[PDB]
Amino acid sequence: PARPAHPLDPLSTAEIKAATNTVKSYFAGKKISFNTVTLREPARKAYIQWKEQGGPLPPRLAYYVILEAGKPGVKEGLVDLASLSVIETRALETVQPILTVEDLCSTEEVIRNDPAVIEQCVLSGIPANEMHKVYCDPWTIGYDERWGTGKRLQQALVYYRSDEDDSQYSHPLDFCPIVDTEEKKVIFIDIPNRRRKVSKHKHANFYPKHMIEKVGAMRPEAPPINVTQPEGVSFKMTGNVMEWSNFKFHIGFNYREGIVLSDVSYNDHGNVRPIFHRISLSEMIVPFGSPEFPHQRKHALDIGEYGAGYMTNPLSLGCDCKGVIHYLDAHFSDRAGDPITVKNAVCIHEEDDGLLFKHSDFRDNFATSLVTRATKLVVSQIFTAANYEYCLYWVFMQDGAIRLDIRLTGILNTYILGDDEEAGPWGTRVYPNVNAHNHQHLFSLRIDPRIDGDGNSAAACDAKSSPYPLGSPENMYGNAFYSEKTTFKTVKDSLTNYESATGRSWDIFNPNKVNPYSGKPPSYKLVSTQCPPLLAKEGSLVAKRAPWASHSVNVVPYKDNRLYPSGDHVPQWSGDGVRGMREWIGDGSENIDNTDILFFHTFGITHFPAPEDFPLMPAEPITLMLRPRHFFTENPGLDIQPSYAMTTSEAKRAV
């Protein structure tokens, strides 16, 4: 296959086909299916040597995961695309892989045709001949101690639609079928002691026709707000390489993490300085808070169990991206080994972002004034996880900061509620017979830094009052306060949480350099306040399967392929064993001071449903920022043309 323009470019449709042909040949005579075919990124050192030391172009490699009929677990390996050959291979019989759309799409039909399920629907008030009205969201079983990884399983959250255009979530059923993904059959059904028959209320719908019927009618179409860029955009893309306002980086994408930003640098007036080698979301977990069976199985690790790439929405229609947009397509492999494409998976564009800075002199009644507007570069994707939608926006700003904005929307996860049943403290009755369980949305931001070069460290920064008392010579009026910086020496030191008591922030810096003015090392500071503590207790399935979620920050030594904190194959893992973040942390004694490190940050929200979130939920914002502190010697955006500028002398001159 033809080599890509960039070593970090995702596998092309041709490379994917070449890789699968190679694997099929290697396993000739075997009945195999493809689960994953993706780029195996080049080693960090090899990439940097190629990029800055005239080193050789790294080998183009493809990582694959396959299933073989009648064989337990999976088989994984690497294909050297240049020589069209398998160079690495191994069987993992006790693990289960990410669930693809194809793996999930057949589950609904299997439960509809299962006698045991049909009987439960009849028992629930739905005639056996109306099974076409029964729907279900196919979920990873998460983890069920009754089967471990012995069988590839899915659990089905069952719903009912009186009409195909209904939003089924107002009508969940009370039972949960367990499906054998391979054999495509229901092997068990969890049935509650308390039986709740299907709700007889109207469905809570949200399309215009439904609303016109529910409320008087729709609001009149509002006056349009048009945004146009007659002279084009200021950003320039060369393949997947982006160049904008001094920032330069590679926009990658894969089936799991979705958008992956690499080789991020900033051109500081000719001095191209590295910032991050790689940044992305490496994992997620949405732990629900109802202790009742079988709701403990609701703690989906969406990224590792379904894939932010696989679940991504084509942004073309919908009008998700307003303005002059630039799109990127994503390419994956289907079960048969054929390339599949999701068009407009990533949208890129620039928008006005308010004021960058401003200052006026009161001396001449603000006649002396300088105002510069801000513009931001947005790289976005939106993926759907059954009922929820996650809108991800990677934002680059003209002050050199990088921000990650997430907007949660879609529909609340719902379970049935008896007329007399109290949604108790575990959930909210958002509609008659509808219980929306409490849950958290936690994400694992993975940062591979290269702050102004190689050799980095991390630290926690806490604001604190001077220890000297009020009235002492050292703090006479008791107003003294400073920033206590605690640099992490070993992995154990980094396991820290956000603390409101100190307005804690974290620094990722280069101890080998110093700011000529402040005398502090150049750094990028993580300013993140939406850092919920993990509510599930220690030893819980949730805490064990997402060891990274226990702390807001985890810093470990860099190692190639240390990407996914909950392990490479997440579905059905019990959480027992040294893998993922648990393995990287080890005994916690490894050095992370002035070396190659990986910074994993846990952030998110805790959601206690309210009627306002139903039947469709208004977007809920989540944001974190990485800003330069002591990185530059002065405001880096001062050479940007001001929107307005009047000097004191120019003001006098205007008589």
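Start at 1 and count along the sequence shown; that's the residue number.
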{"item": "Higher-scoring stretch by recorded Cα B factor average, 470 to 478 or 70 to 78", "value": "70 to 78"}
{"item": "Of 506 to 514 and 321 to 329, the one with larger mean CA B-factor", "value": "321 to 329"}
{"item": "Residue, from 461, 315, 98, 495, that the PDB entry assigns the highest Cα B-factor", "value": "315"}
{"item": "Deposited CA B-factor, highest of 212, 534, 275, 378", "value": "212"}
{"item": "Third assignment of residue 602 from its chain's C-alpha B-factors", "value": "lowest"}
{"item": "Within-chain third of residue 206 by Cα B-factor, per the entry", "value": "middle"}
{"item": "Chain-relative CA temperature factor third for residue 593", "value": "middle"}
{"item": "Third of chain Cα B-factors occupied by residue 521", "value": "lowest"}
{"item": "Residue 342 - which third its CA temperature factor falls in, relative to the rest of the chain", "value": "highest"}
